[PDB]
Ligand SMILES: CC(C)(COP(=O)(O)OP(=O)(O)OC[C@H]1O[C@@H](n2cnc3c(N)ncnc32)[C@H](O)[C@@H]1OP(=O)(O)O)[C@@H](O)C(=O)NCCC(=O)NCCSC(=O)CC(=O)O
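Only one chain is given next, in structure tokens, and it is the form solved without ligand MLC.
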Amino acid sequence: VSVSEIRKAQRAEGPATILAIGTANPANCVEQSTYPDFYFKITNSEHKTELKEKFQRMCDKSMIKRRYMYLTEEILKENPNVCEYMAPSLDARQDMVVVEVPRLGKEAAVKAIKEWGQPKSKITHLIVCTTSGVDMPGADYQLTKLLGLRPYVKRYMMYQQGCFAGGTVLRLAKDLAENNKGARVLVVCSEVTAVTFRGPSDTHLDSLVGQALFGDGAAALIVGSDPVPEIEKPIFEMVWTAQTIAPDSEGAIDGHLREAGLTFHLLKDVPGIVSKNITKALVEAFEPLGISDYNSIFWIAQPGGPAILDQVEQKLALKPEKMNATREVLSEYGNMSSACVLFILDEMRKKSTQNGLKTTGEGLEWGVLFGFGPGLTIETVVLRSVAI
């Protein structure tokens, strides 16, 4: 037996391609304008006037209009441990997300598979990503069973990833789809803030920031190489990827899973770091492609907060429209962690065709997607849009 004959016949040919995108959010829509009142009451911190005023500023500055949360008043009222700033509550939080993450991922995935239109039995690989809760067998196993995938589907369970991992699942899916002939990868990012939600502390203002920014949601993709013409419908193509750790960012975003759930720490100037290091990432990605005009490409950026977005824009002299799709998702859903970047892809291609532009990438050919999160990590994915 010839291992080269086998290798040649085992591998796919063309670029890994996004063929379907579905999203899903929990039912409870929480308005940002009334959140400080709701938050401070349900965490019984109504007497912390100064702190609440700080939170009100934070919410107002967030550029977030609303968020969807699995956590409701009824559920919060049955879990006083969760409403405290730091009480033993991991078991209760786990019990919530081990079920909700896959539950939410399934609605997103079913929509994705529906759009794709091909038999779910053709899905050969599955990537599942969450930063909320962990279990064995994991949420990949629960998703295989809930959706009816084949039991030999090849699974990649990405846990406790945090906010750069929309970029990470794309990076992963690229190699899966491109190295295996026939492979169709179902990618699901599902994030539920039930593990990070906690009461305010005036000595933990970074944790408070998290309470104003993070929201719940799940997005799913179908990725594969060599799409069947006029059967499958390419949306975006992946061409090149990178991942790096910004210099002088130790501790920028830390997260520790403890008996009191998932804590969140912000120990540097994330928007500063991100914007100081973004040009380097862009030249690494686009110089080999001969492009240096960063307004000539379409943009997708992980909206940790609005500040990141404004400083990147300011820094590069991006026209304001570049970040539109990113800012529309931040406005209607808040920072959905790893899934955010997939919602933005969906928003972008839908406005693009609804507005009758020539490509899925706002009428432009080449585009870039960035994931930002713990490390401080910068994930880059280079994309090419599709006609119509």
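We number the residues from 1 along the sequence you see.
Below, we refer to the form deposited with ligand MLC bound, which is not included among the displayed structures.
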| property | result |
| --- | --- |
| All of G22, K350 and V386 within 4.5 Å of ligand MLC in the deposited complex, heavy atom check | no |
| Heavy atom within 4.5 Å of ligand MLC in the deposited complex - the one residue of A242, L90, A307, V98 that qualifies | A307 |
| The unique member of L147, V209, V312, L282 whose heavy atoms fall within 4.5 Å of ligand MLC in the deposited complex | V209 |
| Interface membership of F286, ligand MLC in the deposited complex, 4.5 Å heavy atom rule | no |
| Ligand MLC contact in the deposited complex: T359, any heavy atom under 4.5 Å | no |
| 4.5 Å heavy atom contact, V153 and ligand MLC in the deposited complex | no |
| Contact test in the deposited complex: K41 vs ligand MLC, heavy atoms, 4.5 Å | no |
| Residue stretch of 227 to 235, 112 to 120, 289 to 297, 270 to 278 approaching ligand MLC in the deposited complex, non-hydrogen atom distance within 4.5 Å | 270 to 278 |
| Contacts with ligand MLC in the deposited complex - residues in 39 to 69 whose heavy atoms fall within 4.5 Å | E53, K54, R57, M58, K61, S62 |
